[PDB]
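Trainee: Below is a structure I'd like to ask you about.
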Amino acid sequence: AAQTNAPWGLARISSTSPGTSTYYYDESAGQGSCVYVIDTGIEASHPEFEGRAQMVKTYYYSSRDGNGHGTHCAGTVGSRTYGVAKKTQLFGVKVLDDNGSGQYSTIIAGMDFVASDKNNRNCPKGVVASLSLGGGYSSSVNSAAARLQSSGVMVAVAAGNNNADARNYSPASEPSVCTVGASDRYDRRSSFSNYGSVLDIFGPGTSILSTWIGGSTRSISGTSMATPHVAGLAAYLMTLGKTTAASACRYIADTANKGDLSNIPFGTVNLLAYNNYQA
Ligand SMILES: [Ca+2]
């Protein structure tokens, strides 16, 4: 299935080269998979979600996304126009307030929530969680991400936007989850993207068009934007069978475009998420 004039990041994920604008993907499109977006929430009413999104948890006075960030990330995972996995089910977990902030204790509670909550959902092809958030190193935050992964969820987390080694950030520094750096449309490491040994993969992160609150759309940049490309990719590959929650990060690394990114520091993987779809 070809989507013409797709956002550059979608086109990139199904291409052996930069500079194209059509996204190619198997029509199964993540059907039967689920992706949790642990963030500021998701505007489920957005026409782009087609009824496939819903809020399942909040730690605040509302489950509404009053920020937009969570809605944008969810759109990159699974919206009809802006999403990687256009038929996945999206579950919003609001651990961040409308200012985009959240206490680590609330974020941890949200991760443990997902590990249990998946047992209340129908996800026969598998379960993914996208965590476009982070802060300074915390063993407790890392451990929560590790538990979520251990429980049978493909956990994708943002490397961070500090142009620094991600070893000093959490959950980025957790070895057992999939830590995602950001690239731009010219295959350069995004200027803000963290790097380091803890990174597992890069995805499109600069100038990413997706859904926004109030039924709108906008382009923003961050490792927050790269992460949902990888989460959506995992969901897509899981419905194809190709991989499982426990092996998806390795599989994505195995099958990535290799050595094609510029300004990757010595010691950081040079791997760009790729669906290996042959139309
Ligand atoms: Ca790792």
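Sequence positions for chain A are given in Swiss-Prot numbering; the residues included correspond to 106-384, in order.
Going by what the header records, the deposited coordinates were determined by X-ray crystallography, 1.0 Å.
Each Cβ is built from the backbone N, Cα and C atoms, and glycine gets one as well.
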Trainee: Among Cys228, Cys354, which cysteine is annotated in Swiss-Prot as forming a disulphide with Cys283?
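Mentor: Within the candidate set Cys228, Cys354, Swiss-Prot assigns the bond with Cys283 to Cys354.
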Trainee: Which of these, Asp222, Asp270, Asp292, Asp305, does Swiss-Prot list as part of the Ca(2+) 1 site with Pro280, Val282?
Mentor: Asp305
Trainee: Which one, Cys178, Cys228, is listed by Swiss-Prot as the other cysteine in the disulfide with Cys139?
Mentor: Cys228
Trainee: Where ligand 1 binds, which of the binding-site residues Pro280, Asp305, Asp365 are close by, with Cβ under 6 Å?
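Mentor: Those binding-site residues that pass the cut-off, since their Cβ is under 6 Å from ligand 1, are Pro280, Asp305.
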Trainee: Since the record lists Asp144, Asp305, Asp365 as recorded positions, which of them has the fewest other Cβ atoms within 10 Å of its Cβ?
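Mentor: It is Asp365 that, of the recorded positions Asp144, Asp305, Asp365, has the fewest other Cβ atoms within 10 Å.
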Trainee: In whole Å, note down how far the CA of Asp365 (Ca(2+) 2 binding site) lies from the CA of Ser329 (active site, charge relay system).
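Mentor: Cα-Cα, rounded: 21 Å.
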Trainee: Suppose the Ca(2+) 1 site is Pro280, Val282, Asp305. Which further residues of the same chain have a Cβ inside 8 angstroms of that site's Cβ centroid?
Mentor: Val262, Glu279, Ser281, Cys283, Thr284, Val303, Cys354
Trainee: Taking the Cα atoms as reference points, how far is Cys283 (disulfide bond) from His174 (active site, charge relay system) in Å?
Mentor: 20
